[PDB]
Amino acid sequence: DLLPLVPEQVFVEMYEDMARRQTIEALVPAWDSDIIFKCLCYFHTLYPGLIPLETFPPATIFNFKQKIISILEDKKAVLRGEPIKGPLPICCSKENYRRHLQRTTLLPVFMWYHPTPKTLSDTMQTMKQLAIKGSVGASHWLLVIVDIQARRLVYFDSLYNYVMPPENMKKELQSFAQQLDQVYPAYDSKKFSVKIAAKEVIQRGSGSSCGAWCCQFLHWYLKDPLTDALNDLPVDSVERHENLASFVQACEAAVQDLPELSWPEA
């Protein structure tokens, strides 16, 4: 039997997939902690209810719940004229921080995650290693929105199930939600609800657009806390990211002439 032709193009069978991924990677490069923070400061000017929490160092899977509880307990104190006990931000005066706490209705909690580290310190160490070599690697940004006004926790994973299956995260967040009912109780005894935002992979074809996706979802949520934008997405991976690219470009222009490393006034 005649031998099959083996072409003198080692990668040709992957050309289409490679071209799409290269296109996507070029459209939306990685967003790290500093630009995310600038974007949050900008978002606050548009939506005063959003407190621009610092992403340095970012929360992790090991301490995001403790960080949220500290912030809410401090907000409770501020509304009662009592001392705050939580760690203070670097780029904000303590007085301005108190005013942000008094005003905020929504905590944008960005979590930086990597499969390998098993502790908070290991995670920070991994974060440092990757940063100096300029690699994303297997790291991933996640967003937890604590909507105080609606008593809603929204979990956004652009890779859908990168940390754990969505039902396992649902379970963990549901237990956390009832802890928040005791920590930050409501007059009418309305319970904190939990929403897993992503029903499938949004970030198809990319290893770097996670940061931008989180900020885009947040902005969609800020425009409409009932948004179904994740369902109205284009099917094509490339089209999704060229829409995201316009968002990114608009944001980067919007913050270009905004003050560096400083919170806006509450």
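For every residue, the number given is its place in the sequence shown, counted from 1.
Which of 102-110 and 82-90 has higher mean CA B factor, as the PDB entry lists it: Comparing 82-90 with 102-110, the higher average CA B-factor belongs to 82-90.
Higher mean Cα B-factor in the deposited model: 73-81 or 161-169? The stretch with the larger mean CA B-factor is 73-81.
Most elevated Cα B-factor in the entry, residues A250, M18, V12, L258: Within the set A250, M18, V12, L258, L258 shows the top C-alpha B-factor.
Between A186, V146, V183, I196, which carries the biggest CA temperature factor in the record? Largest recorded C-alpha B-factor: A186.
Would you mind ranking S206 by its C-alpha B-factor against the rest of the chain and naming the third, lowest, middle or highest? Ranked within chain, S206 CA B lands in the middle tercile.
Considering only modelled residues of the same chain, in which third does the CA B-factor of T60 rank: lowest, middle or highest? Its C-alpha B-factor belongs to the lowest third of this chain's values.
For the chain shown, is the CA B-factor of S175 in the lowest, middle or highest third of its modelled residues? For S175, the deposited C-alpha B-factor lands in the middle third.
If you rank every modelled residue in this chain by C-alpha B factor, which third holds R151: lowest, middle or highest? Tercile = lowest for this residue's CA B-factor.
Would the CA B-factor of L142 place it in the lowest, middle or highest third of its chain? It belongs to the lowest third of the chain when residues are ordered by C-alpha B-factor.
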